[PDB]
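S.K.:
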Amino acid sequence: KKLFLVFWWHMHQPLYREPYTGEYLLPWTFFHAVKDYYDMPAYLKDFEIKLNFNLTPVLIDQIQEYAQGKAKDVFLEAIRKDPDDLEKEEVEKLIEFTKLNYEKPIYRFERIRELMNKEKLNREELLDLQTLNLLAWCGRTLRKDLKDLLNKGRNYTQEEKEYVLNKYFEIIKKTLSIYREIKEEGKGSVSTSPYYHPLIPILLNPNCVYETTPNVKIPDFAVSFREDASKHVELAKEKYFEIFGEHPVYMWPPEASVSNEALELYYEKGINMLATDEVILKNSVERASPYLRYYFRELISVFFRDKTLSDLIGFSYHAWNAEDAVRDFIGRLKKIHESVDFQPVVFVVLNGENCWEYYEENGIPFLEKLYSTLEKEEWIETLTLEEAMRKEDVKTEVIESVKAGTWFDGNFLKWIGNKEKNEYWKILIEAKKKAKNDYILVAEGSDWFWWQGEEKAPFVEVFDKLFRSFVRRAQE
Ligand SMILES: OC[C@H]1O[C@@H]2O[C@H]3[C@H](O)[C@@H](O)[C@@H](O[C@H]4[C@H](O)[C@@H](O)[C@@H](O[C@H]5[C@H](O)[C@@H](O)[C@@H](O[C@H]6[C@H](O)[C@@H](O)[C@@H](O[C@H]7[C@H](O)[C@@H](O)[C@@H](O[C@H]8[C@H](O)[C@@H](O)[C@@H](O[C@H]9[C@H](O)[C@@H](O)[C@@H](O[C@H]1[C@H](O)[C@H]2O)O[C@@H]9CO)O[C@@H]8CO)O[C@@H]7CO)O[C@@H]6CO)O[C@@H]5CO)O[C@@H]4CO)O[C@@H]3CO
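Rendered as structure tokens:
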């Protein structure tokens, strides 16, 4: 009697490439590529477990552009430059970027503390601010190759900074190839999402927000987004086919977001399985074990992720010592294993790249001990998505209806409902009426709506500039 464990790491970045300049206005795709996007599947080179990944098509596009040397990244060019060439604006952005990340364990260099406490910074000190910002984002693989430069911690030279940059781009050039390798070797399944990570239930039917939050106020949806919803799925199938040579049969719905109508659309588009959140299941069915494989109207398979286990990794364990975290996690799986007489299916689903910067040493002690301990347990079998979908010694249930929602509280409040978020929607609506190209799809990305209506942060105006730029480009 086994416990079936399914990791599904979700990887996504909105499009940071401003369409009129062609400049990546924020370096987050670059930094999560050198840190997480190659390195998370690369664990499968050293650990005999199965791990699954979701890659949004918008993120693949950007990875492709950095790998080909075509991405113009404004923050990165400030890193690359000799400090005597830096503009005041670039020094300010570099300082600003440092203090935004200052308290994260991956930024714990004593030299950073010194530089931050300083007045003007000289050339040698600016070189250390440049290179320490680079090295802070170093992934598992290169933390070994560059071990001597990391321990240096100070007094970097331009030639060392450039050495680091070269190795970083070699990692990006390797990144799509390793997803294809782990997929081919049977070590994991790779899924994708609708192209630009939109909220499909809202695009299909904005009134679905009233299934959970009846008092919410939303704008006048005077145009249809239903065919755009199909295009996000269709175009995602094409990009996935280009990269992996098949149409995708698994998708991760952005924000775990599902509705009756979105489930039908995914079925119509050839998706045979997805996952969503335990809160959705609880809202939808009285009798709700998340350890079953569900079938929505016998049309499509649906797993409901284990919220607590997913939140332990994403919310709790950054604050723990790795050993104590791993023993806690294994203990919890053991109680699940002992809590049922059948073989449960346990889906651990979260973002694969955002929680590790808050762990000591980028979560590497945690994940290396987690994966090493998992591969030791005879009563745990980790599954690819393909295996979880076809596994026969698993218990099963049909579900006929779901209450539309997301994995944020089971509702849509974080993307629609207040004055500022609603304004983005009205802008989108008006613009959809005048749209002439696919940049309107870019503007339908969830991320724009998330950041709006709650600014208060360093760099959030960049997301607003991107959204409005895409909205403007869509009408030309
Ligand atoms: O759009 C850009 C980003 O896109 C991508 O993200 C999307 C995901 O892909 C998508 O799946 C989804 O994510 C959901 C997520 O998976 C769920 O976990 C949840 O989010 C919760 C989160 O995980 C929790 O941490 C918690 O957050 C609280 C936190 O606990 C608390 O400490 C505090 O946060 C402060 C931080 O501690 C501090 O770091 C800082 O935050 C800064 C940040 O440091 C800084 O770097 C910058 O963030 C960058 C980010 O680093 C970049 O990588 C890039 O992000 C993209 C992701 O990489 C994608 O995967 O751009 C960001 C913006 O520049 O700026 C931050 C500003 O604050 O200060 C923090 C201020 O809070 O508070 C929080 C809140 O309680 O709970 C979260 C839920 O509230 O739900 C997600 C949405 O459903 O959506 C992603 C966004 O679109």
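Basically the numbering used here = 1-based index in the sequence shown + 626. Backbone N, C-alpha and C fix where the C-beta goes; we use that ideal spot for every residue, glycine too.
1) What did DSSP end up calling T1022 once you bin it into helix, strand or coil?
2) With C-beta atoms as the reference, is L996 less than 9 Å away from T1008?
3) Ignore the nearest five residues each way along the sequence and tell me which others in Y663's own chain have a CB closer than 7 Å to its CB.
4) CB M877 to CB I897, shorter than 9 Å?
5) State the start and end residues of the unbroken alpha helix (DSSP H) segment that holds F1075.
6) Quick check on the DSSP output: the beta strand (DSSP E) that includes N678 runs from which residue to which?
7) Beta carbon of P1084: closer than 8 Å to some heavy atom of ligand 1?
8) Here's the rule: buried if 16 or more other CB atoms are within 10 angstroms of the residue's CB, otherwise exposed. What is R1099?
9) What alpha helix (DSSP H) runs, 4 residues minimum, are completely inside the segment 939 to 1001?
10) Between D846, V835, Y917, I990, which has its C-alpha nearest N1037's C-alpha?
11) May I ask whether a heavy atom of ligand 1 can be found less than 8 Å away from the beta carbon of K730?
12) Counting Cβ pairs, one atom from each stretch, are 3 or more of them under 8 Å apart for the segment 1020 to 1038 and the segment 903 to 921?
13) Under a three-way DSSP split, which group does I1055 fall into?
14) Give me, in chain order, the residues of the same chain whose beta-carbon lies closer than 6 Å to that of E644; leave out the 5 immediate sequence neighbours on both sides.
15) Helix, strand or coil for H873, going by three-state DSSP, please let me know.
16) Any chance the CB of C981 is under 8 Å from a heavy atom of ligand 1?
17) Identify every run of the alpha helix (DSSP H) within the segment 809 to 890, keeping only runs that are complete inside it and at least 4 residues long; order them along the chain.
18) Measure from the alpha carbon of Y692 to the alpha carbon of each residue in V660, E811, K676, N841, then state which is nearest.
19) Grab the span of the alpha helix (DSSP H) containing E715 for me, first residue to last.
20) Using 8 Å as the Cβ pair cut-off and three pairs as the minimum, do the segment 736 to 756 and the segment 694 to 712 touch?
21) Taking the beta carbon of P970 as the centre, do at least 16 other beta carbons fall within 10 Å, making it buried, or is it exposed?
22) May I ask you to list the residues that DSSP assigns as paired with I1006?
23) Mapping DSSP to helix, strand and coil, what is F1034?
24) Pull up the distance between the alpha-carbon of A951 and that of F992, whole angstroms please.
25) Do the segment 673 to 682 and the segment 816 to 825 meet, that is, are 3 or more Cβ pairs less than 8 Å apart?
26) My output table needs one value for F929: the three-state DSSP class, helix, strand or coil.
27) For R919, which of helix, strand or coil comes out of DSSP?
28) Tell me whether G940, by its Cβ, gets closer than 8 Å to a heavy atom of ligand 1.
29) Could you give the C-beta distance for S936 and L976, rounded to a whole number, given that I count them as a contact under 8 Å?
30) Mapping the DSSP letters down to three states, classify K707 as helix, strand or coil.
31) Within this structure, are the beta carbons of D687 and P653 separated by less than 9 Å?
32) Can you give the Cα-Cα distance for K676 and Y805, rounded to whole angstroms?
33) Using the C-alpha atoms, what's the distance from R958 back to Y943?
34) If you draw a straight line from the alpha carbon of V911 to that of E904, how long is it in whole angstroms?
35) What residue does the beta strand (DSSP E) around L776 start on, and which one ends it?
36) Rank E1102, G1071, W1041, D1035 by C-alpha distance to the C-alpha of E1080 and give the top, closest one.
M.R.: Well, looking at it:
1) strand
2) No, the Cβ-Cβ distance between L996 and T1008 is not below 9 Å.
3) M637, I689, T801, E979
4) yes
5) 1072 to 1077
6) 678 to 681
7) With a cutoff of 8 Å, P1084 counts as near ligand 1, since its C-beta is closer than that to a heavy atom of the ligand.
8) buried
9) 948 to 965, 990 to 1000
10) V835
11) yes
12) yes
13) helix
14) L651, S1095
15) coil
16) yes
17) 826 to 830, 852 to 870, all fully within the segment 809 to 890.
18) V660
19) 714 to 727
20) At 8 Å Cβ cutoff, the stretches touch.
21) Under this definition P970 is a buried residue.
22) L629
23) coil
24) 7 Å
25) Because the criterion of three Cβ pairs below 8 Å is met, the segment 673 to 682 and the segment 816 to 825 touch.
26) strand
27) strand
28) yes
29) 5 Å
30) Under the three-state reduction of DSSP, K707 is assigned to coil, being neither helix nor strand.
31) With respect to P653, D687 sits apart: the two C-beta atoms are not nearer than 9 Å.
32) Each residue's Cα considered, the two are about 13 Å apart.
33) 14 Å
34) 11 Å
35) Here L776 belongs to no beta strand (DSSP E); instead the alpha helix (DSSP H) covers 773 to 778.
36) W1041
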